[PDB]
RNA sequence: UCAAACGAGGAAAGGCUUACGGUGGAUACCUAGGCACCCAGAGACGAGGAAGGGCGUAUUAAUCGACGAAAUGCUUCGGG
RNA sequence: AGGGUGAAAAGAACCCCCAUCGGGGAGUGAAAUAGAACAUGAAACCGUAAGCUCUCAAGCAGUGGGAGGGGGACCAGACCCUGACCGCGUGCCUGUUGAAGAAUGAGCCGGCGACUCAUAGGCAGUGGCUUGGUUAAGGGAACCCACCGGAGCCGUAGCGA
RNA sequence: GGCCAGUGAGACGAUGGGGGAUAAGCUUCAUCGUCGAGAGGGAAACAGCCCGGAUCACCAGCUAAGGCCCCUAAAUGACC
RNA sequence: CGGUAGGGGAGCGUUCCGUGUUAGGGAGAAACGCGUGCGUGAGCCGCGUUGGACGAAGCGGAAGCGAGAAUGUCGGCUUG
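Residue numbers (PDB author numbering), protein chains in the order written: chain 1, 2 to 47; chain S, 207 to 234; chain E, 100 to 261; chain V, 50 to 173; chain T, 26 to 169; chain M, 80 to 127; chain R, 3 to 117.
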């Protein structure tokens, strides 16, 4: 359970950039919702 | 542990021309 | 120069944490010298020593310094002073006329220490008066330009003869 | 600012002895605003600094009111040090040092050491 | 310096973590003020709102300090750095105590108008270099 | 002789060797006392 | 008589500058910068002596592959048979260099080794 | 056009180098504060209430110093 | 445990974002990249931009050779950066007969951190006197010191309880 | 002789033996070689086996031990 | 002319002191960072759109004098 050693700058920038790329994937969805929130007949967002 | 260094005493030579070579030709 | 060793500081003379069952070194004092909170090793005690040097080696050191002082035009020579109204202008004027700059760090000494040259000489920085009561080697081995009087050249030959 | 507060022997601040009184005509000797005459206005004995009129220009910005109105820009003098000034008589225009003449009465007055007049002002 | 093109806006050490501010700041890089205006209206992050406040107070800055428009204005770099981290000695069981660090960011966002010349043709002219300093202000692949 | 140009003769004052300042100096590491024993430990050591 | 210094940082900054392009904590981290200076210099030793050895090996196999292009069974050993019997003192395996920079001239070398 | 051979060219996090930044307070220059000697001097004080404190005193916050219902000070004699 | 903006707070009038904190202009200043977390600011650490390059690859991460590519260049053959691939290479210290060791130690970076001082004996090297050598305490223009101060010490004769 | 250190846990290999079970990379001795304190080459790797003793440089040549099909330098060499 | 424990010889660096109110230095000292330079090396010398007031060399002396190790220690910052 206890880690034997530490990680490099290598593997850490890989994992942190996979985390922040996983943050990248959930804003073109927000760009699509922000673009559909604009002028148009949409039956949502009262 | 031993840090020593070595600067080899070299000499640069420029070449003028080659002569005195006109014996026993061996062309193929 | 002084420093406080391990036995002097007001740090703890206690065991801070026990000997085992803790992953940390065996540190038995908070005034330990390994810890920068106090306590040093092998620092300067205030030492008032006695470096003795031989008499006839030191007399020969003075005689060698004054002996190498003359010959290379570093010695001109005066003989008398009579300074009524001691006012440091005839002192620096006679200093100029003897061939000595006031800034070039000369040194010169006189018999009996008459008061009107101690009074007119102690303000210029580059020279200080001496006397056979107070003739050292370090002040005279500046050796730029240095003069004698006849009682100091015949007292000086009177002592350091042959 | 504890490095610059006043030193206090027995709770009272150590005040310096100086050579400039109020109502005197000082000249700036060297630093900055060199070579211009002036009266002095307010005195600061602990810094050995003196504010003098209409020469030292410190354009300062003041939030004026509490309603946020008119916010005035006030051009206020600062403290030049007391060793950077001399005294001036208006008869001989020359910056001179000081001296304490003891005249025929008991009082002891200031004196320009090169000219022959007295800095000291009477009761008015 | 790019000859008077960009607008640099710094930020206080705001009371949040640097890494989540770096995913929300690595989203909005390269996109202009309208797209970041509509995305940061609707991004589901708590780190979204001071970033949107600094973009809004950065392009309003770019329209009041300079005199630009909020449509021809792309985000240039938008770098987020570390700040001061507080230390919180929080106790935990079996007589232990853990340092819980309260992290702060340091946001510096640079904005970029297009103040262009848009020259007619490409063809090089190796004459009058004191005009070649001014005609070329921001291009690519600089030879010699 | 000036204060400048004075210098002792060679051999008159050797340098005191410092111990534990590097193995190239000569007495680094264990400072010239082997590995262990009473000769390496600090204290009065052995009665002569 | 306190003696705080800076000489460990120049001592250490020189070794820091030598350890460039070491891929990670061998190029940044001081307590490995030292042993990569050390191991890099002994790598320079053994790879220098074995670059003498290794280029010897490379010229041997290169002129062997040049001589074996005749087809008839003439090995590299027979080229030295009739390279020292016909008295050619020490061409120093630089005929493995002009064997590719001057292949007609090495054909003149070998075709005069035959005669 | 088809069949066969090769896998270039731009391709991602990242790796190295370089440049510019942020946390950080080593190095350099100080000091506002200490340490140790030498030469003198003093080791005094206190029931005439001590060393040390508590509370309080200024026109008006807190803290320190000074002071004690005569309180951010008083009388006399000198210096200024 | 926490010192150092400037020379002088001259500590930012006014405009914009705005609930503040903060930020940008403008103004002060020689310096505002000296802005109150404020003097030089290094390493570990976190980043961003530019050049080369990694997704059939086994490696104490190097080193020797160097494909391809990039940069300025002037002794344009040189220099620096990247690294297709090949050979070779069992972290450092401690301490053992023997440690890459799966023996110990260290997360990392920067500082602090260890044969030192007093007085004696012995030996070596450099001196000063050999009309044997040398003073201690103490006196001294505050200290050091010139010059005294021959008390003592060492060598001059050994053998024996 | 003067001054002045360490070391006093050894290991394997050949020979001469004792203990053992002529078992142990076992234990104790006697002469020697290596390692310890010895790099390089051969031994696939591998302290003690063979050659061999590293001041340093060369993109020099000849060899010892050992090898000459390929990985990996040199003979798919010749004759019994 | 390999070398551990160890012994000897010769040197570099640091801060302070004598020369020293040294040469030099707001026409940029120390620092910090840099090298197509020189050394056997510890290191020197030179260059810096950073920094802002000190301080070399030579000839000498004295050390709280040199860091990668102590489950060292004190701050800073990582890993998970």
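Yeah, the Cβ is synthetic: ideal placement off N, Cα and C, and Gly gets one too.
Inset, instruction - Counting only runs of 4+ residues fully inside the segment 72 to 108 of chain R, write out the alpha helix (DSSP H) ranges in chain order. - result: Correct list: 78 to 86, 100 to 103.
Inset, instruction - Tell me, to the nearest whole angstrom, how far the beta carbon of residue 247 (chain E) is from that of residue 228 (chain E); I am working on the premise that it is less than 8 Å. - result: If you number the third chain from 1, residue 247 (chain E) lands on position 148. If you number the third chain from 1, residue 228 (chain E) lands on position 129. Distance from residue 247 (chain E) to residue 228 (chain E) at the Cβ level is roughly 13 Å; contact not present, criterion being Cβ atoms closer than 8 Å.
Inset, instruction - Could you check which residue in 152 (chain T), 44 (chain T), 54 (chain T) has the C-alpha nearest to that of residue 130 (chain T)? - result: Translated into positions along the fifth chain, residue 130 (chain T) becomes position 105. The shortest C-alpha to C-alpha distance from residue 130 (chain T) to any of 152 (chain T), 44 (chain T), 54 (chain T) is the one to 44 (chain T).
Inset, instruction - List the residues of chain E that residue 112 (chain M) touches, going by C-beta distances under 8 Å, in chain order. - result: As a working mapping, residue 112 (chain M) is identified with position 33 in the sixth chain. Under the 8 Å cutoff, chain E gives no residues; its nearest Cβ is about 18 Å from residue 112 (chain M).
Legend entry - 8 Å Cβ cut-off: residues of chain R touching residue 234 (chain S): The residue labelled residue 234 (chain S) in the question sits at position 28 within the second chain. Neighbours of residue 234 (chain S) on chain R, chain order: 106, 109, 110, 113.
Inset, instruction - Report all residues from its chain with a CB closer than 7 Å to the CB of residue 79 (chain V); omit the five preceding and five following residues, and keep chain order. - result: Sequence index remark: in the fourth chain, residue 79 (chain V) carries index 30 (1-based). For residue 79 (chain V), the CB contacts under 7 Å within the same chain, skipping 5 residues up- and downstream, are 133 in chain order.
Legend entry - Given residue 59 (chain T) as reference, the closest of 97 (chain T), 125 (chain T), 132 (chain T) once Cα atoms are compared: If you number the fifth chain from 1, residue 59 (chain T) lands on position 34. It is 97 (chain T) whose Cα lies nearest to the Cα of residue 59 (chain T).
Inset, instruction - Taking C-beta pairs closer than 9 Å, name the residues in chain E that residue 81 (chain M) reaches, listed in chain order. - result: Numbered from 1 along the sixth chain, position 2 holds the residue referred to as residue 81 (chain M). Per Cβ cutoff of 9 Å: 240, 241, 242, 243.
Legend entry - Assigned secondary structure, residue 74 (chain V) (DSSP; H/G/I helix, E/B strand, else coil): Your numbering for residue 74 (chain V) matches position 25 in the fourth chain. Under the three-state reduction of DSSP, residue 74 (chain V) is assigned to strand.
Inset, instruction - Return the CA-CA distance between residue 124 (chain M) and residue 102 (chain M), expressed in angstroms with no decimal places. - result: Translated into the one-based positions of the sixth chain, residue 124 (chain M) becomes position 45. Translated into the one-based positions of the sixth chain, residue 102 (chain M) becomes position 23. As the crow flies, the alpha-carbon of residue 124 (chain M) is around 25 Å from that of residue 102 (chain M).
Legend entry - Proximal residues to residue 213 (chain S) (C-beta, below 6 Å), its chain only, five neighbours per side dropped: As a first step, residue 213 (chain S) is located in the second chain; it is residue number 7 there, counting from the start. If you ignore the 5 residues before and after residue 213 (chain S), its C-beta comes within less than 6 Å of no other C-beta in its own chain.
Legend entry - Sub-9 Å separation of residue 54 (chain T) and residue 132 (chain T) beta-carbons: As a first step, residue 54 (chain T) must be located in the fifth chain, where it is residue number 29. As a first step, residue 132 (chain T) must be located in the fifth chain, where it is residue number 107. No, Cβ-Cβ distance for residue 54 (chain T) and residue 132 (chain T) is not below 9 Å.
Legend entry - residue 250 (chain E) in three-state terms, based on DSSP: In the third chain, the residue the question calls residue 250 (chain E) occupies position 151. Looking at residue 250 (chain E) - three-state DSSP - the assignment turns out to be helix.
Inset, instruction - Kindly confirm or deny that the segment 217 to 236 of chain E and the segment 156 to 167 of chain E touch, where touching means at least three C-beta pairs closer than 8 Å. - result: The answer is yes - the segment 156 to 167 of chain E touches the segment 217 to 236 of chain E, with three or more Cβ pairs under 8 Å.
Inset, instruction - Measure the C-alpha to C-alpha separation of residue 250 (chain E) and residue 181 (chain E) and round it to an integer number of angstroms. - result: The residue you call residue 250 (chain E) lines up with position 151 of the third chain. The residue you call residue 181 (chain E) lines up with position 82 of the third chain. Rounded to whole angstroms, residue 250 (chain E) to residue 181 (chain E) spans 15 Å at the Cα level.
Inset, instruction - Given a cut-off of 9 Å, decide if residue 75 (chain T) and residue 27 (chain 1) are closer than it, judged by their beta-carbon atoms. - result: For this step, residue 27 (chain 1) is matched to residue 26 along the first chain. For this step, residue 75 (chain T) is matched to residue 50 along the fifth chain. In this structure, residue 75 (chain T) does not lie closer than 9 Å to residue 27 (chain 1) by Cβ.
Inset, instruction - Spatial neighbours of residue 33 (chain T) within its chain, please: CB distance less than 7 Å, with the 5 preceding and 5 following residues excluded, ordered by chain position. - result: Here residue 33 (chain T) refers to the residue found at position 8 when the fifth chain is read from its first residue. The residues are 133, 135.
Inset, instruction - Along the alpha helix (DSSP H) that carries residue 51 (chain R), what are the first and last residues, could you check? - result: As a working note, residue 51 (chain R) is residue 49 in the seventh chain. In this chain, the alpha helix (DSSP H) harbouring residue 51 (chain R) covers 32 to 69.
Legend entry - 8 Å CB neighbourhood of residue 115 (chain E) in its chain, flanking five on each side removed: Taking the third chain and counting its residues from 1, one reaches residue 115 (chain E) at position 16. Scanning its chain for C-beta atoms nearer than 8 Å, with the 5 sequence neighbours on each side dropped, one finds around residue 115 (chain E) the residues 126, 127, 128, 129, in chain order.
Legend entry - Closer than 9 Å to chain T by CB, residue 39 (chain 1): If you number the first chain from 1, residue 39 (chain 1) lands on position 38. Yes, its Cβ sits closer than 9 Å to a Cβ of chain T.
Inset, instruction - Consider the Cβ of residue 67 (chain T): report whether some Cβ of chain 1 lies at a distance smaller than 9 Å. - result: On the fifth chain, residue 67 (chain T) is found 42 positions in, with the first residue counted as 1. So yes, residue 67 (chain T) belongs to the interface.
Inset, instruction - Could you name the residues of chain M that residue 167 (chain E) contacts, counting a contact when the two beta carbons are closer than 9 Å? - result: Looking up residue 167 (chain E) in the third chain gives position 68. The answer, in chain order, is 80.
Legend entry - According to DSSP, residues forming a beta bridge with residue 34 (chain T): As a first step, residue 34 (chain T) must be located in the fifth chain, where it is residue number 9. Looking at the DSSP assignment, residue 34 (chain T) forms a beta bridge with 134 (chain T).
Inset, instruction - Under 8 Å by Cβ, that's how I've got residue 108 (chain R) and residue 115 (chain R) pegged, so tell me the actual separation to the nearest angstrom. - result: Within the seventh chain, residue 108 (chain R) is the residue found at index 106, counting from 1. Within the seventh chain, residue 115 (chain R) is the residue found at index 113, counting from 1. Not confirmed; about 10 Å, so no contact.
Inset, instruction - Tell whether a beta-carbon distance below 9 Å holds between residue 241 (chain E) and residue 199 (chain E). - result: Looking up residue 241 (chain E) in the third chain gives position 142. Looking up residue 199 (chain E) in the third chain gives position 100. No.
Legend entry - residue 131 (chain V) versus 153 (chain V), 167 (chain V), 125 (chain V), 65 (chain V), residue with shortest Cα-Cα distance: As a first step, residue 131 (chain V) is located in the fourth chain; it is residue number 82 there, counting from the start. Nearest option by C-alpha distance: 65 (chain V).
Inset, instruction - Check distances from the C-beta atoms of the segment 2 to 15 of chain 1 to those of chain T and list, in chain order, the residues that come in under 8 Å. - result: Result list empty, no residue passes.
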